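Visitor: For reference, the file start.tsv (TSV, C-alpha atoms) is included below:
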chain	number	residue	atom	x	y	z
A	1	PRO	CA	11.91	13.37	-5.66
A	2	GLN	CA	8.24	13.50	-6.64
A	3	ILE	CA	6.60	10.32	-7.79
A	4	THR	CA	3.20	10.19	-9.43
A	5	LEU	CA	0.98	7.15	-9.28
A	6	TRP	CA	-0.04	6.56	-12.89
A	7	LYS	CA	2.09	3.46	-12.58
A	8	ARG	CA	3.35	1.40	-9.62
A	9	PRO	CA	5.81	3.45	-7.53
A	10	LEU	CA	8.81	1.17	-8.10
A	11	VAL	CA	12.18	2.59	-7.16
A	12	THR	CA	15.70	1.30	-6.88
A	13	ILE	CA	16.99	0.25	-3.50
A	14	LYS	CA	20.28	-1.34	-2.49
A	15	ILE	CA	20.69	-3.94	0.23
A	16	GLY	CA	23.98	-5.68	0.71
A	17	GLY	CA	25.84	-4.92	-2.49
A	18	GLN	CA	22.73	-5.71	-4.53
A	19	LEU	CA	20.46	-3.48	-6.58
A	20	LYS	CA	16.79	-4.30	-6.41
A	21	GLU	CA	13.44	-2.85	-7.40
A	22	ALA	CA	10.94	-2.11	-4.61
A	23	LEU	CA	7.48	-0.59	-4.17
A	24	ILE	CA	6.97	2.58	-2.09
A	25	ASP	CA	3.92	1.41	-0.15
A	26	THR	CA	2.07	3.82	2.19
A	27	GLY	CA	-0.35	0.98	2.90
A	28	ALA	CA	2.37	-1.29	4.40
A	29	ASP	CA	3.13	-0.93	8.12
A	30	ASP	CA	6.26	-2.99	7.60
A	31	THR	CA	8.89	-3.58	4.93
A	32	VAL	CA	8.57	-6.96	3.20
A	33	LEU	CA	11.20	-8.18	0.74
A	34	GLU	CA	11.19	-11.17	-1.61
A	35	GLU	CA	13.09	-14.23	-0.29
A	36	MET	CA	16.81	-13.52	0.01
A	37	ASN	CA	19.74	-14.15	2.31
A	38	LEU	CA	20.21	-11.74	5.18
A	39	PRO	CA	22.78	-11.78	8.05
A	40	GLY	CA	22.23	-12.58	11.72
A	41	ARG	CA	19.40	-13.96	13.84
A	42	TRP	CA	15.70	-13.60	13.01
A	43	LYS	CA	12.43	-14.01	14.88
A	44	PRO	CA	8.98	-15.01	13.66
A	45	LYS	CA	6.34	-12.40	12.95
A	46	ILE	CA	2.69	-12.60	11.94
A	47	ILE	CA	1.48	-10.06	9.43
A	48	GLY	CA	-1.77	-9.67	7.51
A	49	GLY	CA	-3.28	-8.22	4.36
A	50	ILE	CA	-6.41	-8.78	2.35
A	51	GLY	CA	-6.53	-12.56	2.23
A	52	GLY	CA	-5.48	-13.15	5.81
A	53	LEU	CA	-2.58	-13.51	8.24
A	54	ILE	CA	0.75	-15.10	7.46
A	55	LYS	CA	3.94	-15.89	9.37
A	56	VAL	CA	7.18	-14.47	7.92
A	57	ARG	CA	10.79	-13.92	9.01
A	58	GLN	CA	11.76	-10.71	10.79
A	59	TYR	CA	15.30	-9.28	10.69
A	60	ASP	CA	16.12	-6.18	12.73
A	61	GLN	CA	18.49	-3.25	12.22
A	62	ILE	CA	19.17	-3.89	8.52
A	63	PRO	CA	20.87	-1.08	6.56
A	64	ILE	CA	19.12	-0.35	3.31
A	65	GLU	CA	19.30	2.47	0.77
A	66	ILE	CA	16.19	3.76	-1.03
A	67	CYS	CA	16.68	5.99	-4.05
A	68	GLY	CA	19.95	7.09	-2.51
A	69	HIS	CA	18.64	7.60	1.05
A	70	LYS	CA	20.11	5.46	3.79
A	71	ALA	CA	17.82	3.85	6.37
A	72	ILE	CA	18.15	1.13	9.01
A	73	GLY	CA	15.23	-0.85	10.32
A	74	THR	CA	13.22	-4.01	10.34
A	75	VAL	CA	12.91	-5.97	7.13
A	76	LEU	CA	10.51	-8.91	6.78
A	77	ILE	CA	11.06	-11.79	4.38
A	78	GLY	CA	8.22	-13.80	2.87
A	79	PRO	CA	6.45	-14.96	-0.33
A	80	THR	CA	5.67	-11.48	-1.72
A	81	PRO	CA	5.29	-10.77	-5.51
A	82	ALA	CA	7.40	-7.67	-5.00
A	83	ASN	CA	9.84	-5.97	-2.69
A	84	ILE	CA	7.76	-3.65	-0.48
A	85	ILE	CA	9.07	-0.61	1.33
A	86	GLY	CA	6.80	0.15	4.27
A	87	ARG	CA	6.22	3.10	6.65
A	88	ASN	CA	8.90	1.95	9.11
A	89	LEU	CA	11.52	2.89	6.51
A	90	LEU	CA	9.59	5.54	4.64
A	91	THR	CA	9.51	7.83	7.70
A	92	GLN	CA	13.26	7.40	7.93
A	93	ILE	CA	13.83	8.96	4.51
A	94	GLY	CA	11.21	11.64	5.12
A	95	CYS	CA	8.77	10.34	2.55
A	96	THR	CA	5.31	11.94	2.47
A	97	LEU	CA	1.99	11.98	0.64
A	98	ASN	CA	0.81	15.25	-0.84
A	99	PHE	CA	-2.16	16.57	-2.74
B	1	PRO	CA	-2.15	18.57	2.41
B	2	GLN	CA	1.06	16.83	3.38
B	3	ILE	CA	0.65	13.55	5.23
B	4	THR	CA	3.55	11.99	7.17
B	5	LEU	CA	3.79	8.25	7.55
B	6	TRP	CA	4.45	7.83	11.29
B	7	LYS	CA	0.95	6.39	11.49
B	8	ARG	CA	-1.40	4.85	8.88
B	9	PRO	CA	-2.57	7.48	6.33
B	10	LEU	CA	-6.29	7.20	7.12
B	11	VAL	CA	-8.41	9.96	5.51
B	12	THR	CA	-12.10	10.75	5.09
B	13	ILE	CA	-13.80	9.55	1.92
B	14	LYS	CA	-17.37	9.82	0.69
B	15	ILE	CA	-19.10	7.27	-1.43
B	16	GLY	CA	-22.79	6.60	-1.95
B	17	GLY	CA	-23.48	9.76	0.03
B	18	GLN	CA	-21.66	8.33	3.03
B	19	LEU	CA	-18.49	9.45	4.82
B	20	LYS	CA	-15.92	6.84	5.87
B	21	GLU	CA	-12.31	6.36	6.89
B	22	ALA	CA	-10.08	4.81	4.24
B	23	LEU	CA	-6.36	4.18	3.84
B	24	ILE	CA	-4.31	6.02	1.21
B	25	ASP	CA	-2.50	2.96	-0.26
B	26	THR	CA	0.21	3.72	-2.88
B	27	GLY	CA	0.91	-0.02	-3.06
B	28	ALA	CA	-2.62	-0.83	-4.24
B	29	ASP	CA	-3.49	-0.90	-7.95
B	30	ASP	CA	-7.15	-1.01	-7.05
B	31	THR	CA	-9.57	0.56	-4.60
B	32	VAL	CA	-11.31	-1.91	-2.31
B	33	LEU	CA	-13.94	-1.09	0.31
B	34	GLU	CA	-15.62	-2.95	3.14
B	35	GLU	CA	-18.98	-4.59	2.43
B	36	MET	CA	-21.55	-1.87	1.72
B	37	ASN	CA	-24.09	-0.96	-1.03
B	38	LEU	CA	-23.58	0.38	-4.55
B	39	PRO	CA	-25.45	1.20	-7.82
B	40	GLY	CA	-25.10	0.19	-11.45
B	41	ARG	CA	-23.77	-3.06	-12.80
B	42	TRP	CA	-21.18	-5.02	-10.86
B	43	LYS	CA	-19.41	-8.21	-11.81
B	44	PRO	CA	-17.28	-10.56	-9.67
B	45	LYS	CA	-13.48	-10.32	-9.55
B	46	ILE	CA	-10.84	-12.16	-7.57
B	47	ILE	CA	-7.98	-10.11	-6.22
B	48	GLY	CA	-4.80	-10.88	-4.33
B	49	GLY	CA	-3.25	-9.52	-1.18
B	50	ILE	CA	-0.53	-10.58	1.26
B	51	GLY	CA	-2.57	-13.32	2.84
B	52	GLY	CA	-4.16	-14.86	-0.21
B	53	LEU	CA	-7.24	-14.12	-2.31
B	54	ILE	CA	-10.77	-12.75	-1.87
B	55	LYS	CA	-13.68	-12.54	-4.34
B	56	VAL	CA	-15.22	-9.07	-4.66
B	57	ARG	CA	-17.79	-7.05	-6.58
B	58	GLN	CA	-16.34	-4.72	-9.21
B	59	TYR	CA	-18.18	-1.43	-9.82
B	60	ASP	CA	-17.17	0.85	-12.66
B	61	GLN	CA	-17.53	4.56	-13.04
B	62	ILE	CA	-18.36	5.17	-9.37
B	63	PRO	CA	-18.14	8.76	-8.21
B	64	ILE	CA	-16.24	9.03	-4.95
B	65	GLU	CA	-14.58	11.79	-2.99
B	66	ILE	CA	-11.38	11.72	-0.96
B	67	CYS	CA	-11.03	14.65	1.45
B	68	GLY	CA	-13.66	16.39	-0.68
B	69	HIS	CA	-11.53	15.90	-3.82
B	70	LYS	CA	-13.63	14.46	-6.61
B	71	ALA	CA	-12.80	11.27	-8.46
B	72	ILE	CA	-14.63	8.73	-10.53
B	73	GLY	CA	-13.55	5.19	-11.27
B	74	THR	CA	-13.65	1.50	-10.46
B	75	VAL	CA	-14.32	0.44	-6.89
B	76	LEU	CA	-14.38	-3.07	-5.50
B	77	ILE	CA	-16.60	-4.10	-2.60
B	78	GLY	CA	-15.73	-7.16	-0.57
B	79	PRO	CA	-14.55	-8.61	2.77
B	80	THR	CA	-11.53	-6.30	3.22
B	81	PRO	CA	-10.46	-5.52	6.81
B	82	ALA	CA	-10.32	-1.86	5.90
B	83	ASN	CA	-11.20	0.62	3.16
B	84	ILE	CA	-8.28	0.98	0.77
B	85	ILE	CA	-7.69	3.82	-1.67
B	86	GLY	CA	-5.63	2.62	-4.65
B	87	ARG	CA	-3.66	4.49	-7.34
B	88	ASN	CA	-6.62	4.41	-9.78
B	89	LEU	CA	-8.27	7.17	-7.69
B	90	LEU	CA	-5.20	8.75	-6.09
B	91	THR	CA	-3.91	9.91	-9.50
B	92	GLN	CA	-7.31	11.54	-9.96
B	93	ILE	CA	-6.79	13.84	-6.96
B	94	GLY	CA	-3.17	14.57	-7.81
B	95	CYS	CA	-1.75	12.58	-4.91
B	96	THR	CA	2.01	12.11	-5.10
B	97	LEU	CA	4.89	10.69	-3.04
B	98	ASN	CA	7.66	13.09	-2.01
B	99	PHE	CA	11.06	12.93	-0.34
Would you mind writing the file out in C-alpha cells?
Guide:
Amino acid sequence: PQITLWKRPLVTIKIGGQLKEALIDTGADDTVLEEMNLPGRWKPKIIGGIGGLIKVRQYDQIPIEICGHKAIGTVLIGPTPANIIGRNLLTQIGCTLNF
Amino acid sequence: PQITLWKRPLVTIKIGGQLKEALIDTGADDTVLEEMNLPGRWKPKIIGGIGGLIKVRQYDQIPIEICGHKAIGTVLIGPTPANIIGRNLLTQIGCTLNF
C-alpha cells in the first residue's frame, strides 16, 4: 500500500509460523531481526551504523512474508531494538520511495 | 520522483546554502548530518544507532531542502559516516513508501 512517515513505518511480517512487527527501512542495506531461532547453518557478518561496526549472525535464503508479500533472502540476527526490513528484501516486494 | 531500492537512496540536499548527498532513511526518526557548520542555538544530544551511541549537536528550526523540496525542522550535526534524512523532514516533502 502507501505508508506515510508521520510515525515509524512498522508493518506485520511473518517468519516461520510467527507474526512479528518490523520496520520498513530504506536506510538499511540488510535485513536485521531481533534474536530468534532460525534453521540451518549461519556465517558471521560485520555490519555498521552510527555508533560503529558490529558482528552479527547471517542466515541465507530465508522465506519471509512482508505485509502479505513473499520474499526470500538474507536475514541477519543481532541485538537490534526492532525488527528491520532492509533493501535486500524491499526490492523483492517492489517497495519504492515516492514524492 | 519514484526511487527504487536496488542501491542506497542517496539524493541531493541543501543546507546552509550548500549542496550535499544524503540518504533517504525511513528507519530514522531524526536527521543527522556529517560535521559541518550551523546557525542559531544548539544543545547536545546523545543518539543511538546499530553500533552504539554518538553525542551530537541538535539544531532546531533549520531550513533545509531535499531535491529542491523545502522543509524546516530539527537537524543533528555529529560524527555520522553519512548524511541521513529522517522522517521528521521526509513527511515535510510528502515522501511515502509504496508497494
Visitor: Over all C-alpha pairs taken in sequence order, what does chain A look like after a least-squares fit onto chain B? Please give it as a compact mmCIF listing (two decimals) with C-alpha atoms, in the coordinates of the input.
Guide:
# COMPACT_ATOMS: atom_id res chain seq x y z
CA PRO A 1 -2.22 18.32 1.78
CA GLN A 2 0.89 16.60 3.13
CA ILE A 3 0.45 13.45 5.12
CA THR A 4 3.21 11.84 7.14
CA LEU A 5 3.29 8.15 7.91
CA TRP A 6 3.89 7.99 11.66
CA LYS A 7 0.36 6.65 11.77
CA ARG A 8 -1.93 5.01 9.20
CA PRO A 9 -2.84 7.50 6.44
CA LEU A 10 -6.59 7.51 7.13
CA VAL A 11 -8.56 10.30 5.52
CA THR A 12 -12.19 11.18 5.11
CA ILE A 13 -13.94 10.25 1.91
CA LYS A 14 -17.58 10.59 0.89
CA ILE A 15 -19.48 8.10 -1.24
CA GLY A 16 -23.18 8.44 -1.72
CA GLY A 17 -24.19 10.87 1.00
CA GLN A 18 -22.03 9.00 3.52
CA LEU A 19 -18.84 9.99 5.29
CA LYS A 20 -16.30 7.24 5.73
CA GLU A 21 -12.70 6.76 6.77
CA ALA A 22 -10.30 5.26 4.20
CA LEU A 23 -6.61 4.42 3.86
CA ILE A 24 -4.44 6.14 1.22
CA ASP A 25 -2.66 3.03 -0.05
CA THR A 26 0.17 3.33 -2.62
CA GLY A 27 0.51 -0.45 -2.42
CA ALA A 28 -3.05 -1.09 -3.70
CA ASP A 29 -3.57 -1.28 -7.47
CA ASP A 30 -7.30 -1.03 -6.89
CA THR A 31 -9.72 0.63 -4.49
CA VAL A 32 -11.35 -1.81 -2.05
CA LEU A 33 -14.13 -0.70 0.29
CA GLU A 34 -15.77 -2.50 3.22
CA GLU A 35 -19.11 -4.18 2.37
CA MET A 36 -21.77 -1.61 1.49
CA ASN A 37 -24.59 -1.03 -0.95
CA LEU A 38 -23.68 0.45 -4.30
CA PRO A 39 -25.89 1.15 -7.38
CA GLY A 40 -26.00 -0.68 -10.70
CA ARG A 41 -24.52 -3.87 -12.13
CA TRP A 42 -21.26 -5.46 -10.97
CA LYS A 43 -18.86 -8.07 -12.31
CA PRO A 44 -16.57 -10.50 -10.50
CA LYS A 45 -12.90 -9.74 -10.07
CA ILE A 46 -9.99 -11.70 -8.62
CA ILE A 47 -7.48 -9.75 -6.59
CA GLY A 48 -4.54 -10.80 -4.43
CA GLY A 49 -2.38 -9.73 -1.51
CA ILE A 50 -0.08 -11.43 0.93
CA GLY A 51 -2.14 -14.47 1.87
CA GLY A 52 -3.44 -15.22 -1.59
CA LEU A 53 -6.09 -14.47 -4.21
CA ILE A 54 -9.71 -13.67 -3.51
CA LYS A 55 -12.83 -12.98 -5.56
CA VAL A 56 -14.63 -9.68 -4.84
CA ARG A 57 -17.31 -7.49 -6.44
CA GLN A 58 -16.32 -4.84 -8.97
CA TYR A 59 -18.40 -1.70 -9.60
CA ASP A 60 -17.35 0.72 -12.34
CA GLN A 61 -17.61 4.49 -12.75
CA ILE A 62 -18.43 5.26 -9.11
CA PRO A 63 -18.16 8.92 -8.01
CA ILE A 64 -16.22 9.31 -4.81
CA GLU A 65 -14.69 12.26 -2.98
CA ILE A 66 -11.35 11.98 -1.15
CA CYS A 67 -10.39 14.75 1.24
CA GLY A 68 -12.49 17.08 -0.87
CA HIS A 69 -11.22 15.88 -4.28
CA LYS A 70 -13.72 14.35 -6.65
CA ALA A 71 -12.84 11.16 -8.53
CA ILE A 72 -14.74 8.55 -10.54
CA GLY A 73 -13.51 5.03 -11.05
CA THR A 74 -13.67 1.39 -10.15
CA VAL A 75 -14.45 0.45 -6.58
CA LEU A 76 -14.15 -3.14 -5.33
CA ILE A 77 -16.18 -4.53 -2.44
CA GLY A 78 -14.96 -7.34 -0.21
CA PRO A 79 -14.09 -8.47 3.35
CA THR A 80 -11.42 -5.81 4.04
CA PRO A 81 -10.60 -4.54 7.60
CA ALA A 82 -10.57 -1.03 6.19
CA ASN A 83 -11.66 1.12 3.30
CA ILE A 84 -8.69 1.25 0.90
CA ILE A 85 -8.08 3.95 -1.66
CA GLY A 86 -5.86 2.57 -4.40
CA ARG A 87 -3.76 4.00 -7.28
CA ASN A 88 -6.69 3.99 -9.73
CA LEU A 89 -8.23 6.84 -7.72
CA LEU A 90 -5.08 8.31 -6.25
CA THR A 91 -3.79 9.33 -9.70
CA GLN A 92 -7.11 11.04 -10.27
CA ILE A 93 -6.59 13.42 -7.36
CA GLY A 94 -2.93 13.93 -8.22
CA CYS A 95 -1.60 12.16 -5.16
CA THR A 96 2.15 11.51 -5.02
CA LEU A 97 4.95 10.12 -2.87
CA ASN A 98 7.83 12.41 -2.00
CA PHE A 99 11.07 12.26 -0.09
Visitor: Go ahead and compute the interatomic distance for atom CA of residue A:35 and atom CA of residue A:86, in Å to one decimal.
Guide: 16.3 Å
Visitor: Between atom CA of residue B:99 and atom CA of residue A:93, what is the spacing in Å?
Guide: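 Computing it gives 6.9 Å between the two atoms.
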Visitor: Using only C-alpha atoms, which of the listed residues (A:60, A:30, A:12, A:72) sits closest to residue A:46?
Guide: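 That would be A:30, the residue with the smallest distance to residue A:46.
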Visitor: Within 9 Å of chain B, which residues of chain A are there when counting only C-alpha atoms? Please give them as a ChimeraX atom specification.
Guide: /A:1-9,23-29,47-54,79-81,84,87-88,90-91,93-99
Visitor: For C-alpha atoms, I'd like the residues from the last selection saved as a PDB file, in the frame of the given file.
Guide:
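The result, stored in out_29.pdb:
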ATOM      1  CA  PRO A   1      11.910  13.370  -5.660  1.00  0.00           C
ATOM      2  CA  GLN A   2       8.240  13.500  -6.640  1.00  0.00           C
ATOM      3  CA  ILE A   3       6.600  10.320  -7.790  1.00  0.00           C
ATOM      4  CA  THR A   4       3.200  10.190  -9.430  1.00  0.00           C
ATOM      5  CA  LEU A   5       0.980   7.150  -9.280  1.00  0.00           C
ATOM      6  CA  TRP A   6      -0.040   6.560 -12.890  1.00  0.00           C
ATOM      7  CA  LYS A   7       2.090   3.460 -12.580  1.00  0.00           C
ATOM      8  CA  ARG A   8       3.350   1.400  -9.620  1.00  0.00           C
ATOM      9  CA  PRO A   9       5.810   3.450  -7.530  1.00  0.00           C
ATOM     10  CA  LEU A  23       7.480  -0.590  -4.170  1.00  0.00           C
ATOM     11  CA  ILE A  24       6.970   2.580  -2.090  1.00  0.00           C
ATOM     12  CA  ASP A  25       3.920   1.410  -0.150  1.00  0.00           C
ATOM     13  CA  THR A  26       2.070   3.820   2.190  1.00  0.00           C
ATOM     14  CA  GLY A  27      -0.350   0.980   2.900  1.00  0.00           C
ATOM     15  CA  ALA A  28       2.370  -1.290   4.400  1.00  0.00           C
ATOM     16  CA  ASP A  29       3.130  -0.930   8.120  1.00  0.00           C
ATOM     17  CA  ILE A  47       1.480 -10.060   9.430  1.00  0.00           C
ATOM     18  CA  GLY A  48      -1.770  -9.670   7.510  1.00  0.00           C
ATOM     19  CA  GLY A  49      -3.280  -8.220   4.360  1.00  0.00           C
ATOM     20  CA  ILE A  50      -6.410  -8.780   2.350  1.00  0.00           C
ATOM     21  CA  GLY A  51      -6.530 -12.560   2.230  1.00  0.00           C
ATOM     22  CA  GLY A  52      -5.480 -13.150   5.810  1.00  0.00           C
ATOM     23  CA  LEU A  53      -2.580 -13.510   8.240  1.00  0.00           C
ATOM     24  CA  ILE A  54       0.750 -15.100   7.460  1.00  0.00           C
ATOM     25  CA  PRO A  79       6.450 -14.960  -0.330  1.00  0.00           C
ATOM     26  CA  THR A  80       5.670 -11.480  -1.720  1.00  0.00           C
ATOM     27  CA  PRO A  81       5.290 -10.770  -5.510  1.00  0.00           C
ATOM     28  CA  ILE A  84       7.760  -3.650  -0.480  1.00  0.00           C
ATOM     29  CA  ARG A  87       6.220   3.100   6.650  1.00  0.00           C
ATOM     30  CA  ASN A  88       8.900   1.950   9.110  1.00  0.00           C
ATOM     31  CA  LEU A  90       9.590   5.540   4.640  1.00  0.00           C
ATOM     32  CA  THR A  91       9.510   7.830   7.700  1.00  0.00           C
ATOM     33  CA  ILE A  93      13.830   8.960   4.510  1.00  0.00           C
ATOM     34  CA  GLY A  94      11.210  11.640   5.120  1.00  0.00           C
ATOM     35  CA  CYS A  95       8.770  10.340   2.550  1.00  0.00           C
ATOM     36  CA  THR A  96       5.310  11.940   2.470  1.00  0.00           C
ATOM     37  CA  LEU A  97       1.990  11.980   0.640  1.00  0.00           C
ATOM     38  CA  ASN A  98       0.810  15.250  -0.840  1.00  0.00           C
ATOM     39  CA  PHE A  99      -2.160  16.570  -2.740  1.00  0.00           C
TER      40      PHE A  99
END
Visitor: Compute the distance from (17.8, -10.7, 10.7) to each atom, counting only C-alpha atoms, keep the residues with any atom at most 6 Å away, and return them as a PyMOL selection string; use the coordinates of the file.
Guide: chain A and resi 39-42+59-60
Visitor: Would you compute the distance between atom CA of residue A:22 and atom CA of residue B:64? Give it in Å to one decimal.
Guide: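 That distance, rounded to one decimal, is 29.4 Å.
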Visitor: Show which residues sit within 8 Å of residue A:58, as a list in words. Count all atoms listed in the file, and ignore same-chain residues fewer than 6 positions away.
Guide: residues 42, 43, 44, 45, 74, 75, 76 and 77 of chain A
Visitor: Take the residues from that selection and write them out as a short mmCIF file (atom, residue, chain, number, x, y, z; two decimals), in the frame of the given file, keeping C-alpha atoms.
Guide:
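As written to disk, again.cif reads:
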data_model
loop_
_atom_site.label_atom_id
_atom_site.label_comp_id
_atom_site.auth_asym_id
_atom_site.auth_seq_id
_atom_site.Cartn_x
_atom_site.Cartn_y
_atom_site.Cartn_z
CA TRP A 42 15.70 -13.60 13.01
CA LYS A 43 12.43 -14.01 14.88
CA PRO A 44 8.98 -15.01 13.66
CA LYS A 45 6.34 -12.40 12.95
CA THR A 74 13.22 -4.01 10.34
CA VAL A 75 12.91 -5.97 7.13
CA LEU A 76 10.51 -8.91 6.78
CA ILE A 77 11.06 -11.79 4.38
#
Visitor: Put a box with edges along x, y and z around all the listed atoms of stretch 67-80 of chain A, pad it by 6 Å on each side, then give me its centre and sizes in Å, one decimal, as lines of an AutoDock Vina configuration file.
Guide:
center_x = 12.9
center_y = -3.7
center_z = 3.1
size_x = 26.4
size_y = 34.6
size_z = 26.4
Visitor: Using only C-alpha atoms, which residue out of B:73, B:57, B:65, B:31 lies closest to residue B:18?
Guide: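 Looking at the shortest contact to residue B:18, the residue is B:65.
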Visitor: Measuring atom to atom with all atoms listed in the file, identify which of B:33, B:56, B:71, B:66 is nearest to residue B:13.
Guide: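 Selected residue with least distance to residue B:13: B:66.
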Visitor: Kindly reconstruct stretch 84-95 of chain A with N, CA, C and O atoms and present the result as a PDB file, in the frame of the given file.
Guide:
ATOM      1  N   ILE A  84       8.618  -4.722  -0.991  1.00  0.00           N
ATOM      2  CA  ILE A  84       7.760  -3.650  -0.480  1.00  0.00           C
ATOM      3  C   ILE A  84       8.448  -2.806   0.583  1.00  0.00           C
ATOM      4  O   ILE A  84       8.949  -3.322   1.580  1.00  0.00           O
ATOM      5  N   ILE A  85       8.479  -1.502   0.362  1.00  0.00           N
ATOM      6  CA  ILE A  85       9.070  -0.610   1.330  1.00  0.00           C
ATOM      7  C   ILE A  85       7.918  -0.041   2.122  1.00  0.00           C
ATOM      8  O   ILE A  85       7.056   0.626   1.547  1.00  0.00           O
ATOM      9  N   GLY A  86       7.882  -0.329   3.424  1.00  0.00           N
ATOM     10  CA  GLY A  86       6.800   0.150   4.270  1.00  0.00           C
ATOM     11  C   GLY A  86       7.101   1.421   5.059  1.00  0.00           C
ATOM     12  O   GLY A  86       8.195   1.977   4.964  1.00  0.00           O
ATOM     13  N   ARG A  87       6.118   1.867   5.848  1.00  0.00           N
ATOM     14  CA  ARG A  87       6.220   3.100   6.650  1.00  0.00           C
ATOM     15  C   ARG A  87       7.389   3.140   7.645  1.00  0.00           C
ATOM     16  O   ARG A  87       7.913   4.213   7.940  1.00  0.00           O
ATOM     17  N   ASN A  88       7.805   1.985   8.151  1.00  0.00           N
ATOM     18  CA  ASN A  88       8.900   1.950   9.110  1.00  0.00           C
ATOM     19  C   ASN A  88      10.185   2.472   8.499  1.00  0.00           C
ATOM     20  O   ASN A  88      11.039   2.976   9.209  1.00  0.00           O
ATOM     21  N   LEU A  89      10.320   2.376   7.178  1.00  0.00           N
ATOM     22  CA  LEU A  89      11.520   2.890   6.510  1.00  0.00           C
ATOM     23  C   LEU A  89      11.204   4.193   5.792  1.00  0.00           C
ATOM     24  O   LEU A  89      12.064   5.069   5.660  1.00  0.00           O
ATOM     25  N   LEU A  90       9.968   4.334   5.339  1.00  0.00           N
ATOM     26  CA  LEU A  90       9.590   5.540   4.640  1.00  0.00           C
ATOM     27  C   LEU A  90       9.744   6.786   5.534  1.00  0.00           C
ATOM     28  O   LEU A  90      10.220   7.825   5.066  1.00  0.00           O
ATOM     29  N   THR A  91       9.378   6.679   6.811  1.00  0.00           N
ATOM     30  CA  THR A  91       9.510   7.830   7.700  1.00  0.00           C
ATOM     31  C   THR A  91      10.971   8.207   7.808  1.00  0.00           C
ATOM     32  O   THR A  91      11.324   9.377   7.853  1.00  0.00           O
ATOM     33  N   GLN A  92      11.828   7.195   7.828  1.00  0.00           N
ATOM     34  CA  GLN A  92      13.260   7.400   7.930  1.00  0.00           C
ATOM     35  C   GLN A  92      13.864   8.229   6.795  1.00  0.00           C
ATOM     36  O   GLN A  92      14.865   8.923   6.989  1.00  0.00           O
ATOM     37  N   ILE A  93      13.283   8.166   5.605  1.00  0.00           N
ATOM     38  CA  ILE A  93      13.830   8.960   4.510  1.00  0.00           C
ATOM     39  C   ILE A  93      12.975  10.188   4.269  1.00  0.00           C
ATOM     40  O   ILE A  93      13.114  10.859   3.260  1.00  0.00           O
ATOM     41  N   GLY A  94      12.078  10.468   5.211  1.00  0.00           N
ATOM     42  CA  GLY A  94      11.210  11.640   5.120  1.00  0.00           C
ATOM     43  C   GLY A  94      10.211  11.642   3.978  1.00  0.00           C
ATOM     44  O   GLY A  94       9.876  12.694   3.417  1.00  0.00           O
ATOM     45  N   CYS A  95       9.724  10.458   3.634  1.00  0.00           N
ATOM     46  CA  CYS A  95       8.770  10.340   2.550  1.00  0.00           C
ATOM     47  C   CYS A  95       7.355  10.714   2.973  1.00  0.00           C
ATOM     48  O   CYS A  95       6.875  10.261   4.019  1.00  0.00           O
TER      49      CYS A  95
END
